[PDB]
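Asks: Before I ask anything, let me first share the structure, which is written out below as structure tokens.
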Number of protein chains: 2
Amino acid sequence: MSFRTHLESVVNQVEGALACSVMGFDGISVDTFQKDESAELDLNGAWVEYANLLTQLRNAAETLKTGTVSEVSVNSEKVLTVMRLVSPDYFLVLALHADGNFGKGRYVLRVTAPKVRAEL
Amino acid sequence: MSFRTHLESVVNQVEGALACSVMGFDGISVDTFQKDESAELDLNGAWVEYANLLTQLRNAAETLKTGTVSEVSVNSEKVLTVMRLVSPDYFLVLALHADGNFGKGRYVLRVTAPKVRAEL
Ligand code: NA
Ligand code: NA
């Protein structure tokens, strides 16, 4: 709950951002901020693919617990993701539409991750 | 072996490319092309992190076997990776230095993956 201001900041800064969330390695979502605004595209196709990535996101996210791995992406045709470690139990995930700014997404999540880590 | 011309094309096109390889889900490398040329940076630190990503790359690569997942990245401070599925048994991996062109890497691997798939 202390996180949501940071999750909202990520979505606000990244063109095409669907959602920014904290997720547990136990597969239980902790907090989210979702794109509320009328997008310049129809995002329902993206929401379908994002739902269909959730199992695989948490599987790939496990690699973040290794010292060397700092960032993981699991991407579909319509949806890109960026994930970073926030604690031994939690990771941060940004989902954006494939036509969004993936470079800005990676940069903004790198800047925001320490702020989320500080709220634990 | 029919692949290597395609692996060389990827490394030649992407600034900061360390290597482009075909790897089995059995954890056995099939073919590679490595950056031979004198880089504008010292890449030994990157080679160390790339070695330390190998276990986790193959773990995250498993997600490519799902219908929805088309592309996976497992990144360190010094090394970025992009992976795509080439067959039920094999995936394609591009590793580049963190200061390389990640956007171009993703684009070139997407263009090259079908050419590698055609050589099976
Ligand atoms: Na890590
Ligand atoms: Na797939």
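Asks: Given B:39, B:95, B:46, which one is more than 9 Å from chain A (Cβ to nearest Cβ), under 22 Å from residue A:76 (Cα atoms) and away from ligand 2 (no atom under 16 Å from the Cβ)? Can you show your working first?
Replies: Values: B:39 fails: under 22 Å from residue A:76 (Cα atoms); B:46 fails: under 22 Å from residue A:76 (Cα atoms).
Exactly one residue qualifies, and that residue is B:95.
Asks: Could you pull out the residue among A:38, A:9, A:2, A:21 that is over 19 Å from residue B:62 (Cβ atoms) and either in a strand (DSSP E or B) or touching a helix residue (DSSP H, G or I) at 6+ places or on another chain (Cβ under 6 Å) (or both)? Give the steps one after another, and end with the answer.
Replies: Numbers: A:38 fails: either in a strand (DSSP E or B) or touching a helix residue (DSSP H, G or I) at 6+ places or on another chain (Cβ under 6 Å) (or both); A:9 fails: either in a strand (DSSP E or B) or touching a helix residue (DSSP H, G or I) at 6+ places or on another chain (Cβ under 6 Å) (or both); A:2 fails: either in a strand (DSSP E or B) or touching a helix residue (DSSP H, G or I) at 6+ places or on another chain (Cβ under 6 Å) (or both).
Step by step, each of A:38, A:9, A:2, A:21 is checked, and only A:21 is over 19 Å from residue B:62 (Cβ atoms) and either in a strand (DSSP E or B) or touching a helix residue (DSSP H, G or I) at 6+ places or on another chain (Cβ under 6 Å) (or both).
Asks: Which of the residues that make up the range B:42-58 are assigned to a loop (DSSP other than H, G, I, E, B) and loosely packed, with under 14 Cβ neighbours inside 10 Å? Walk me through how you get there before you give the answer.
Replies: First, pick out the residues of the range B:42-58 that are assigned to a loop (DSSP other than H, G, I, E, B): B:42-43.
Answer for the range B:42-58, where residues must be assigned to a loop (DSSP other than H, G, I, E, B) and loosely packed, with under 14 Cβ neighbours inside 10 Å: just B:42.
Asks: Same structure, new question: I'd like the residue in the range B:86-108 that is surrounded by fewer than 22 Cβ atoms within 10 Å (Cβ to Cβ) and aliphatic (A, V, I, L, M) and, out of all such residues, is nearest to residue B:55 (Cα to Cα).
Replies: By that ranking, first place goes to B:98.
Asks: Just the residues that are in a strand (DSSP E or B) and either away from ligand 2 (no atom under 13 Å from the Cβ) or more than 8 Å from every other protein chain (Cβ to nearest Cβ) (or both), please, taken from the range B:59-85.
Replies: Keep residues of the range B:59-85 that are in a strand (DSSP E or B), which gives B:71-75, B:79-85.
Result: B:73, B:74, B:75, B:79, B:80, B:81, B:82, B:83, B:84, B:85.
FYI the Cβ positions are ideal-geometry reconstructions off the backbone, even for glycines, and counts take in every protein chain you see. Throughout, read-outs are computed from the coordinates displayed, never taken from laboratory work.
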